[PDB]
Amino acid sequence: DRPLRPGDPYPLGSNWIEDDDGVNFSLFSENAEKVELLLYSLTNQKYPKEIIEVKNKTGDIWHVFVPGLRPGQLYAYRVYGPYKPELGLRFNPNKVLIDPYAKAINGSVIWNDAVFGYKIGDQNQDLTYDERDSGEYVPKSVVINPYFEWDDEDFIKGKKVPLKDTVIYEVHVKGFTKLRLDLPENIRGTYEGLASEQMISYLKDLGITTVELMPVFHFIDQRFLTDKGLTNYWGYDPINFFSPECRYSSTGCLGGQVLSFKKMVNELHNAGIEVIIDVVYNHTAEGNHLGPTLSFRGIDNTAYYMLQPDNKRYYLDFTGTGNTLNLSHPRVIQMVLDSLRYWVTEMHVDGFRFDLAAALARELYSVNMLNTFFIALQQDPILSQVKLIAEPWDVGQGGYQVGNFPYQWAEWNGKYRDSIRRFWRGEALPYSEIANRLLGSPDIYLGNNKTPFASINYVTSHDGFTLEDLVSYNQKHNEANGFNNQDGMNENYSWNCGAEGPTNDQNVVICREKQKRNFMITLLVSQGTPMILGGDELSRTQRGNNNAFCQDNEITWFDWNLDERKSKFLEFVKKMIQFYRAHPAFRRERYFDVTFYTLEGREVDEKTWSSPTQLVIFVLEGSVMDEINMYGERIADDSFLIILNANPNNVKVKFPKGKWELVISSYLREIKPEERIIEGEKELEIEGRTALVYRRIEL
Amino acid sequence: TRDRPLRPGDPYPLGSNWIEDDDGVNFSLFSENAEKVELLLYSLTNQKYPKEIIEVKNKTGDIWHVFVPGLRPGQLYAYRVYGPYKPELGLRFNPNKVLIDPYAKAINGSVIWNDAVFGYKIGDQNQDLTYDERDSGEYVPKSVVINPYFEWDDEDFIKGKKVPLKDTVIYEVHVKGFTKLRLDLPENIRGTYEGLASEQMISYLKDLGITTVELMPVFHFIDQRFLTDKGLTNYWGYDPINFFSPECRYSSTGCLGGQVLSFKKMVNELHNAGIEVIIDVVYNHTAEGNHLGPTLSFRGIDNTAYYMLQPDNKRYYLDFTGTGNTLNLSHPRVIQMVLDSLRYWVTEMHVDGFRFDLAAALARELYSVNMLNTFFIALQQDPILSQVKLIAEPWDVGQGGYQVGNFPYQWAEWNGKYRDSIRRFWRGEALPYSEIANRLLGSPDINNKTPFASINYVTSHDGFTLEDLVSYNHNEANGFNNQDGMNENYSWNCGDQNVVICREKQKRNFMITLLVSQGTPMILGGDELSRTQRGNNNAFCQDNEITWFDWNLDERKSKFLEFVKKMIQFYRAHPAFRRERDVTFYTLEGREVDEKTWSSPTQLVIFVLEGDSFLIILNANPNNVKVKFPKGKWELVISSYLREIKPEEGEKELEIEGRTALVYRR
């Protein structure tokens, strides 16, 4: 007998209107017989306060306005339909579902046989129909207040840092500040903790421009992970594409995660720092048949999911996770684009990084959506300005297969990390190959973007070894993950430097520290936008675990100990990053000028260019670049000489023309007077496994 | 170089953009192939000569941009683009030619024609390969930096319920014609946005009972040289040169930003009234025509991009419409422009829907480059564009069918043939009985294929109106031997007053049938005022007495308006004609339908709604036939009539007359 009204279809989800004093509720469902809105009082989460049958429907969209409800109000849905699993029809109104357009989720799921929708349990498995209510264990979607006081006016509008000037920083929200002891407990390893005053000055002192946060979409710890006493630490199982992860909130989970995130981002922008978020669109946490009925599968399984034709009880898997969104259906492709748009206009994120992007492109291609998906990004008013990061993929015949890539499109260059790892390991590599990597990989980027900065260079990431573990480790040690070490990449191209794991041997440590420095300069001397693994500066180690996706503990937390070894390296990284930012010679837009050299100090003819090498010498020649980014003012950078000696043996190099001055090197030892400045082609005795950078000073 | 001081600015939003903090204007322009770009600043008095030449020196990707401090709304600019001139490669960049900004939100006047606006020596052996030298400044209208802000009070009608397609009655109306000869209104708002929006209109139209107004073209369009030389002016707007500017011609308040202002207010009134605005867009060609075309904008900015060139002879331009060019919809910026323009007119100009002219050709052009379906996905997923009404025509493209996954959620189509069908049953000729039974049903044999998706229109902006063929049963003024427009609209001659008896019965008829049909109906503007074109069915260059709405009541109109008002009133009163379907039916006489009968080429239709219940009888026809009502009580409400109502016309026998149509209730 309530003054309820039909309300509006737009926008999707729950919408608090100031004026009409109440909240518009809307949910997409094509195959539902009946929809029910459930409102929960903070005090009781087991049974709804009030149940409202949603009776008005515009096209495939159910909606009702409900007066008097306000920001902070908990809710959920029960969706009604046929249950013929063999037809992919899995409607179970006993299961209390998460709104797909929820902007916040009030906690985690509590693993119990009743969140499944089939009997466990039974031997028909997914054919059966479980009657138990799920509400007791399913967090509720939350109505939020979208309003926020942004004074990142300077930043947002309009001209932020481009990829040519970007240093990215891949960092887990929790691990970053979990053991930053000069922060109060409740904000340690949280969004607010991350953007705190000292954290900001730290990231500023390091010199990184762009933060890449690991998954912040609200994810779910897998059953098989919690049965073993482990959580999903990396967050690669979204259940909702609009809500900040409740776990990383310092200010609670009834809007607090939205507010803290919005806060954190605003601080970061004011400091001059960009936010990229790692995003998963290739699968949902619901898994395959057999997985839980938490949201999509309950709302409309047939839409939403890619089903096996001829056996619709099964889900198509391109990723090995269990499901694929039905990206051909206009609502599903809408949700993705709606997600991307939300996070930019409302959460003020500067761009995205697509996890398993080769898979994501395969899925899109699967239903003829890849090129249209790209056109959607390019013409969209807000989406065509953000940064979009992915990976190479040849599908399936398959060269990219794509009319045109967004202006700020870039790809993780795994070939760059492999080549670089192998080089410093001692593997003599074709000169042309190692050199191309340093030149930003024009052999990969013929007509993908016409810029070196489409290539995201890196030596380490969240995947596999931490730069510390890379130089200390020959094979993975992932028994802690509980997969009897079968999980995680096996090709690592690593080297322990003479001892596996921690050692007392100062010969081994000298190798290691020297080597870390080698990679750090190789990376910040190459064309392409570089990405650094958070922790690498702190000499962070997961002690041989190369796939710590499930270690929310001591192993993964950043260790803020001021050990002198560690400290001295943090000093090196700072100095090198600074050097990179300080010189647009290593940051060219059009390379797709240099001169490469031999041991005996001459130019490089074919054969020399084609035979494996262990030593790279080259000069960034010239200066006049166009510009800078301001009205008609060309600058000129100093000319540099880079010597990289991976050959494990001392070697004698003939320098090229002019005066050269050593600006930085991997020598841990003090620098001899005849090494600071060198002229007139006279030879220097270069140590084995050493990297060196010189600027010319005349003429 | 120059001064000035100049902030590089931002690449987005495309166009001129004044920022009221840095107290300047931001300029951004696309040109993938440009060598050099020069912004030209102009004083509102000197236009032959540019006040300032500014070298646009920064580009982000394929967007040139510069920020100029000090400039504000009202500023007149144009661009100059340098690059190769190898017209055999399709490359035809010409600095001497002053170009409009494709993203300009306002333009100052029409093109003053001259040999200089072309990029080749207008007269020569190799027309369209030759390099013309002449400056184009004076002739080419200037792009105007605009005043974006505007105060909307229709917040109440913006959201939410805008009159749904079910409840809709649409009214197709040309802007000038609507109130040019509407004398009781000042001598400067007549034939303007604000004129159409006078408080004497609106009260008129709300009084008339239509809930949606569909304007003929308002995209700033030019004149065909190439016609005016015949002393005619493009009066239909179906030849645009920019996609963001309201047409200069229909502004009561000048052409330096008053087109923007007059249009917005227009809408804001219409909305407060409680009515809906749909505008008539053209995206299938620009006003530049083929090679041998004026170099106004896109040809000059970037010919490669923008235009679909003939492979093997990029000299020439692929034409799908017979107008000379097609936009290169496969280039991301070109497709972006179209989608930006659709988004602009909605969020910014508060427009409720579009009607794509020559939709099939547009679908085909889109198809030609694999963009049709991706165009449709873009529209559905767009937060603003998916909410608006969208109106085209049917088409059969590529390899059969529509070649589209899904349509937008308020898609509808000009039923090209429902008018060829209703104008043939009433016409008298041999006509099938499941055919016209279909037309009235919603035409469900073809989209969402739920009746609302059909635009049941008896009359388009196409001809006639209403009768005016039936007169025909006048393409001489249009200076080309009378072969232009449709070939037969299927009408009587009705040939006095005793040799014109059917005229008023060849009105009211279409009316009573059209409003009774399931779906959504379209009247031509001023068929209730009994409009006329003195015979013309193709009045596209008639800015004359021919087209302008004759508002002085000749006496036999005015009775008819009071009919249409009451006729449409009925459909605006009962949910019995607003569904996705309980229909009846009844042949002569009294007899519930069978299969003879179902395919019999004659002139008799009856039906009922159970299903407020209603009985409806409709017939053609050359002579009288026996009439018997069916099961249930019958009470008259409205009709067509040779005289008036007498007398008193369960179950019995009437019996009905000739050229005529009729109705009842329960």
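As a numbering rule, every chain is indexed from 1 in the order its sequence is written, which need not reproduce the entry's residue numbers; residues that lack coordinates are not presented. All chains are assigned letters beginning with A, and all ligands numbers beginning with 1, in the order in which they are written. What is shown is a subset of a larger assembly, and the numbers refer only to that subset. Based on all heavy atoms of the structure, the side-chain values leave hydrogens and waters out of the count. Residues with missing side-chain atoms are left out of burial classes, side-chain pairs and their counts.

Draft legend 1. Highlighting the sheet that holds strand β23 (residues 661-665) of chain B. Residue and element names in this part refer to chain B. Pairing between two strands requires that DSSP report at least two bridges joining them. Every helix listed is a DSSP run of H or I at least four residues long, and every strand listed is a run of E at least two residues long, numbered separately from the N terminus. Pairing is antiparallel across the open sheet formed by three strands, whose spatial order is β21-β22-β23. Only two strands of the sheet have a single neighbouring strand rather than two, namely β21 (604-609) and β23. The sheet shows a mean angle of 10° between the axes of neighbouring strands, taken without regard to direction. A fitted line through C-alpha atoms represents every axis, and for helices the fit uses only the stretch in contact; the resulting angles, taken between N-to-C directions, go from 0 to 180 degrees.

Draft legend 2. Main features of the nonpolar core. Residues belong to a common nonpolar core when they are buried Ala, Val, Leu, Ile, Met, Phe, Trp, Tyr or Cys residues joined through side-chain atoms within 4.5 Å. Throughout this description, buried means an accessible area under 20% of the type-specific maximum (1.4 Å probe, protein chains only), exposed means over 50%, and partly exposed covers the range between. With 188 residues, the main nonpolar core has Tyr169, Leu213, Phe261 and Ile277 of chain A as its most contacted residues. Here this core takes nine residues from helix α8 (residues 330-345) of chain A, the largest share from any one element. Among the nonpolar cores identified, the runner-up in size contains 182 residues, and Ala78, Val81, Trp113 and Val117 of chain B belong to it.

Draft legend 3. Representation of the domain arrangement of chain A. Residue and element names in this part refer to chain A. Partitioning chain A into structural domains gives domain 1 (1-145), domain 2 (146-590) and domain 3 (591-699). One C-alpha centre belongs to domain 2, the other to domain 3; they are set 32 Å apart. The contact definition used throughout considers only heavy atoms, calling two residues in contact when any of these lie within 4.5 Å. With 44 residues of domain 2 in contact, the opposing surface of domain 3 contributes 44 residues. For the pair domain 2 and domain 3, the summed buried area comes to about 3800 Å², and 71% of that belongs to carbon and sulfur atoms. The largest contributions to the domain 2 side of the interface with domain 3 come from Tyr431, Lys514 and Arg590, which together make up 20% of the buried area. Salt bridges are defined by distance alone: a side-chain nitrogen of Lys or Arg within 4 Å of a carboxyl oxygen of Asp or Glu. For the pair domain 2 and domain 3, the interface holds two salt bridges. Its salt-bridge partner being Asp593, residue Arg588 comes within 3.5 Å of it at the nearest N-O pair. What qualifies as a polar contact is a pair of N or O atoms within 3.5 Å, subject to a donor-acceptor requirement within protein and to the restriction that residues adjacent in sequence count only when both atoms come from side chains. Counting the contacts that link domain 2 with domain 3 gives 13 residue pairs in polar contact. Of all the secondary structure elements, the ones that give two or more residues to the side of domain 2 that touches domain 3 are α11 (414-425), β17 (429-430), α12 (431-438), α14 (506-523) and α15 (564-582). Residue ranges assigned to each domain were obtained from an automatic or database domain assignment. Buried area counts how much accessible surface, traced with a 1.4 Å probe, disappears from two parts once they are put together, with both parts' losses summed.

Draft legend 4. Highlighting the environment of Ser384 of chain A. All names here are of chain A. You can see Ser384 is positioned in the loop between α10 (370-379) and β15 (387-390). When the C-alpha positions of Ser384 and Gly351 are compared, they lie 9.9 Å apart, and in sequence the two are 33 residues distant. A distance of 2.9 Å separates a polar atom in the side chain of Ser384 from the backbone oxygen of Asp380.

Draft legend 5. Looking closely at the pairing of strand β27 (residues 659-665) of chain A. All names here are of chain A. As defined by bridge partners, β27 adjoins strand β30 (residues 690-698) across six bridges and the pair is classed as antiparallel. The residue of β30 that forms the bridge with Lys659 is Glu698. With three bridges joining them, β27 and strand β28 (residues 677-679) adopt antiparallel strand pairing. Bridging from a neighbouring strand, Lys659 pairs with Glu679 of β28.

Draft legend 6. How the structure looks around the pattern of salt bridges. All names here are of chain A. In this structure the tally under the stated criterion is 69 salt bridges over all chains. One salt bridge connects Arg587 with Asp165, and the closest N-O pair in it is separated by 2.9 Å. Linking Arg587 in the loop between α15 and β20 (594-597) with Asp165 in the loop between α1 (153-156) and β11 (168-171), this pair joins segments that are 422 residues apart in sequence. Comparing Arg587 with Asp165 shows no difference in burial state: the two are buried. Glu600 is the salt-bridge partner of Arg602, the closest N and O atoms lying 2.9 Å from each other. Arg602 gets classed as partly exposed once you look at its relative accessible area, which sits at 46%. Using a relative accessible area of 45% as the deciding quantity, one classes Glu600 as partly exposed. One connected set of salt bridges, linked through shared partners, spans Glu468, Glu513, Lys516, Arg517 and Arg565.

Draft legend 7. Quick peek at the sheet that holds strand β13 (residues 274-279) of chain A. Residue and element names in this part refer to chain A. In spatial order, the strands read β11-β12-β13-β14-β15-β16-β18-β19; together these eight strands close into a barrel with parallel pairing. Put simply, the sheet's adjacent strands are angled 30° from each other on average, direction ignored. Across four bridges, the pairing between β11 and strand β12 (residues 210-213) is parallel. In the sheet register, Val171 faces β12, and the bridge partner there is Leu213.

Draft legend 8. Layout of the side chain of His348 of chain A. Residue and element names in this part refer to chain A. With respect to the helices and strands, the residue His348 is situated in the loop between α8 and β14 (351-354). Under the relative-accessibility criterion, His348 is labelled buried at 9%. Polar side-chain contacts of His348 include one of 3.4 Å to the backbone oxygen of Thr345. With residues near it in sequence (within four places) discarded, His348 still touches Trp150, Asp152, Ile156, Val265, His269 and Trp343.

Draft legend 9. Up close: the interface of chain A and chain B. Taken together, the contact pairs 28 residues of chain A with 34 residues of chain B. Counting the contacts that link chain A with chain B gives two salt bridges. In this structure, the connection of chain A to chain B is made through seven residue pairs in polar contact. Listed by contribution, the elements that provide at least two residues to the side of chain A that touches chain B are α8 and α10 of chain A. Of all the elements, α8 of chain A adds the most residues to the side of chain A that touches chain B, at seven residues. When residue character is reported, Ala, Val, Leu, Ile, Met, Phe, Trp, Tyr, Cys and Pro are called nonpolar, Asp, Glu, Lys and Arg charged, and the others, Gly included, polar. When grouped by side-chain class, the residues that make up the side of chain A that touches chain B number eleven nonpolar, eleven polar and six charged.

Draft legend 10. Here's a closer look at the state of the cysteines. Residues and elements named next belong to chain A. Criterion for a disulfide: a pair of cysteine sulfur atoms at a distance within 2.5 Å. Enumeration over the complete set of coordinates arrives at four disulfides over all chains. With a sulfur-sulfur separation of 2.1 Å, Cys497 is cross-linked through a disulfide to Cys511. Because the sign of the S-S torsion sets the handedness, a value of about -70° for the bond joining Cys497 and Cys511 places this disulfide among the left-handed ones. Of this pair, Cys497 sits in the loop between α13 (467-470) and α14 while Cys511 sits in helix α14; the two residues are 14 residues apart in sequence, bridging distant segments of the chain.

Draft legend 11. Quick look at helix α10 (residues 372-381) of chain B. Counting buried residues in α10 of chain B gives nine out of ten residues, a clear majority hidden from the surface. For α10 of chain B, the elements touching its buried residues are α8 and α10 of chain A together with α8 (332-347), α9 (359-367), β15 (389-392) and β16 (411-414) of chain B.

Draft legend 12. Highlighting the domain arrangement of chain B. When cut into domains, chain B gives domain 1 (1-147), domain 2 (148-581) and domain 3 (582-666). Its C-alpha centre places domain 1 of chain B at a distance of 66 Å from the equivalent point of domain 3 of chain B.

Draft legend 13. Region of the structure containing the packing of aromatic side chains. Ring geometry is summarised as follows: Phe, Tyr and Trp rings, the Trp one being its six-membered ring, pair when their centres sit within 6.5 Å, and such pairs are stacked at plane angles under 30 degrees, edge-to-face over 60 and tilted between the two. Throughout the structure, instances matching the rule amount to 98 aromatic pairs over all chains. Seen from their ring centres, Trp393 of chain A and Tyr400 of chain A are 5.4 Å apart, and the 80° between their planes marks the pair as edge-to-face. When its relative accessible area of 6% is taken as the criterion, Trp393 of chain A is described as buried. Note on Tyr400 of chain A: relative accessible area 17%, which makes it buried. For a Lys NZ or an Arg CZ to count as sitting over a ring, it must be within 6 Å of the ring centre and within 35 degrees of the ring normal. Of note, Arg331 of chain A hangs over the ring of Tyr409 of chain B, and the distance from its end group to the ring centre comes to 4.2 Å.

Draft legend 14. Representation of unusual backbone geometry. With an omega of -15°, the peptide bond between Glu627 of chain A and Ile628 of chain A qualifies as cis. With respect to the element layout, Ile628 of chain A can be found in the loop between β23 (624-625) and β24 (635-636). Phi at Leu356 of chain A takes a positive value of approximately 45°, unusual for a residue other than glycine. Considering the arrangement of structural elements, one finds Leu356 of chain A in the loop between β14 and α9 (357-366). One non-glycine residue, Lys449 of chain B, adopts positive backbone phi at about 40°. Exposure remark for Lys449 of chain B: the relative accessible area of 59% places this residue in the exposed category.

Draft legend 15. Representation of a negative patch on the surface within the structure. Nonpolar side chains (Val, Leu, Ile, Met, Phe, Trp, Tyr) within 5 Å and like charges within 9 Å form the patches, drawn only from residues with over 30% relative accessible area and no salt bridge. Where accessible areas are quoted, they stem from the Shrake-Rupley method and a 1.4 Å probe; at the residue level, only the protein chains shown are allowed to cover. Residues scored as charged are limited to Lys and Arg (positive) and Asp and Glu (negative), so that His and the chain ends carry no count. Where a charge sits is defined by one atom per residue type, namely NZ (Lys), CZ (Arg), CG (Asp) or CD (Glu). On the surface, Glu18, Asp19, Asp20 and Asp21 of chain A together with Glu151, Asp153, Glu155, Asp156, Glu199 and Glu269 of chain B cluster together to form a negatively charged patch. The topology assignment puts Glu269 of chain B in helix α6 (residues 258-273).

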